Peer 1: 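Submitted below is the structure of interest, expressed as structure tokens.
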Amino acid sequence: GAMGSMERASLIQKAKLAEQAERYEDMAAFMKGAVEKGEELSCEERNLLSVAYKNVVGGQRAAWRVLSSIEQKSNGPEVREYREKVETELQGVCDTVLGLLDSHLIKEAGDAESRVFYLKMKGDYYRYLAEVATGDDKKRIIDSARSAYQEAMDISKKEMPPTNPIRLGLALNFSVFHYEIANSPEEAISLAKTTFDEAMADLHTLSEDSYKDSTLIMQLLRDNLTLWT
Amino acid sequence: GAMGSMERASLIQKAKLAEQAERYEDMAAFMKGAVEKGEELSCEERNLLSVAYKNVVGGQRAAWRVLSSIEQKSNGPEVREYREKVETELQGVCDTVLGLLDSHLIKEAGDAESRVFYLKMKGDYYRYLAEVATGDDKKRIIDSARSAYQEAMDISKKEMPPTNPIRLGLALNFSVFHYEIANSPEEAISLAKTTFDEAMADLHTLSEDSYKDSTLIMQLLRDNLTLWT
Amino acid sequence: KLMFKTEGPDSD
Amino acid sequence: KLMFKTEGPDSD
Ligand SMILES: *CCC(=O)Nc1cccc(-c2csc(C(=N)N)c2)c1
Ligand SMILES: *CCC(=O)Nc1cccc(-c2csc(C(=N)N)c2)c1
């Protein structure tokens with residue numbers, strides 16, 4: 001692509017600069033260029049990739065929800081056309097992230113920290129597709145999200161402690177997938193409770209900084225449980 | 001352009017939808033398409049054009065300032081290259097707005113409300129160019145901003161009451177142009193004081209709603225004077 | 001729509 | 001940089 005001529009280190013440096021400047025579309029393009037160099041990503045670089053696309057897709061989701069709400073209230077073709085435009089752009093961003101994961105981030109990820117990270121991302125971007133999907137397409141997209149989250153959960157349970165922030169963020173997202181995508185609120189509440197309780201019991205093993213990292217995500221599980229129960 | 005096939009009314013409707021969705025780049029593209037239909041803009045449509053590009057250029061200015069600050073602290077080519085990338089994009093947005101004003105919004109604007117509005121925009125987008133300009137280019141850009149603000153001020157003083165929100169927003173912006181672009185802080189303070197005092201004396205003529213509109217901008221003149229004196 | 005807590009930047 | 005008050009959306 002357009003980043004083919006730039007050094008991998010220069011693309012990482014510019015991704016960090018774009019983050020400081022709140023230029024998330026540029027940040028995502030720099031990280032897509034870094035991934036396409038073909039080398040595996042470090043933990044910081046995986047985080048840069050994820051923060052970039054999360055901010056990009058976040059703006060699209062927030063816009064899509066405003067438009068869908070106006071369209072539902074209206075039920076001229078303009079509202080539908082514009083909601084479709086934003087939807088197609090959101091789908092394009094998800095297909096881009098999923099394409100990076102499939103070519104070839106996941107297959108080259110052998111360590112649990114990298115493999116769980118990428119599989120959780122795969123679950124998340126299929127979940128964003130499911131938020132805008134309708135009918136049969138929706139069913140298959142939902143199963144793809146479920147499959148990626150499930151594989152990530154299996155690895156996380158075997159290879160990481162229950163306080164691992166990656167394991168905690170995965171369980172949090174899989175719980176929200178269950179609650180509002182899979183229409184399995186009981187599964188969602190069960191997963192959030194078990195995850196919170198198993199992390200609580202392992203907090204005594206952590207340093208002051210690791211404790212802060214784990215408790216931050218546990219508070220998210222608690223916020224959801226408060227609204228669900 | 002890409003909006004050539006869409007109805008003018010459809011472009012205005014989609015600009016309003018994009019505003020609700022906080023999709024300002026889309027809002028600007030819809031309004032650029034509406035202007036290029038060749039018809040004059042109503043007051044609401046002029047406001048849609050201005051809010052769209054102000055939000056777009058605002059993100060670019062905020063990013064440019066973060067990058068310029070990092071570059072100055074660093075004094076590798078990456079910081080300079082990326083600050084240049086954002087700068088060129090900001091300059092492109094200003095050239096786009098200035099091109100719409102010059103082809104042919106200003107020449108077709110005969111009423112004071114439309115003519116002052118467009119000339120103030122011309123002043124503002126040359127001011128945004130001046131914020132990033134260096135040396136001799138900077139001098140000519142500064143004179144172009146000054147010339148547009150001056151022509152807008154002359155018309156506003158002759159054709160609008162001192163509480164007119166367009167007249168007030170023009171004087172506010174021209175005052176900031178004087179303070180930090182033209183390095184004329186005394187001119188800035190004089191203009192802000194006179195404008196505030198002349199509007200204060202005309203408030204008694206206004207309805208409850210017009211009073212709210214005028215006092216909102218007068219508070220901005222006061223905020224600047226508080227920091228300047 | 002009421003959005004539940006998910007991992008990372010709350011960008012929506 | 002300290003930015004002074006200007007007309008419309010404070011988008012920067
Ligand atoms: C997995 C190990 C780890 O967290 N390593 C690491 C090192 C340095 C910086 C980061 C990091 C996390 S989020 C972030 C960002 N938004 N720029 C950077 C991670
Ligand atoms: C000059 C007369 C005037 O203000 N007319 C008018 C009518 C309806 C709506 C607006 C307006 C101002 S800002 C705005 C927006 N951000 N969408 C819309 C103005």
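As the structure lists them, so they are numbered: ligands from 1, and atoms in each ligand from 1. In what follows, chains carry the letters A, B, and so on, assigned in the order in which the sequence lines appear, proteins first and then strands, with residues in each chain numbered from 1. Atoms considered below: every heavy atom in the structure, side chains included; atoms not considered: hydrogens, waters and symmetry mates.
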Peer 1: Hey, are B/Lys212 and B/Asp209 close enough for a salt bridge, meaning a charged N less than 4.0 Å from a carboxylate O?
Peer 2: no
Peer 1: Indicate whether the side chain of B/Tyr125 and that of B/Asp95 have a donor and an acceptor atom separated by less than 3.5 Å.
Peer 2: no
Peer 1: What I want to find out is whether A/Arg8 reaches A/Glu45 closely enough, with some N-O distance under 4.0 Å, to be called a salt bridge.
Peer 2: yes
Peer 1: Does the pair B/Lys85/B/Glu81 count as a salt bridge with the N-to-O cut at 4.0 Å?
Peer 2: no
Peer 1: For A/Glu89, does the CD atom sit with more than 12 other heavy atoms under 6.0 Å from it, leaving out its own atoms?
Peer 2: yes
Peer 1: Hey, could you give me the CG/CG distance between B/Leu98 and B/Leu105, rounded to the nearest 0.5 Å?
Peer 2: 11.5 Å
Peer 1: Pairs under 3.5 Å, N/O atoms on ligand 2 and on the protein: can you put them in a table with the distances?
Peer 2:
residue	atom	partner	partner atom	Å
ligand 2	16 (N)	B/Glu19	OE2	2.8
ligand 2	17 (N)	B/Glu19	OE1	2.8

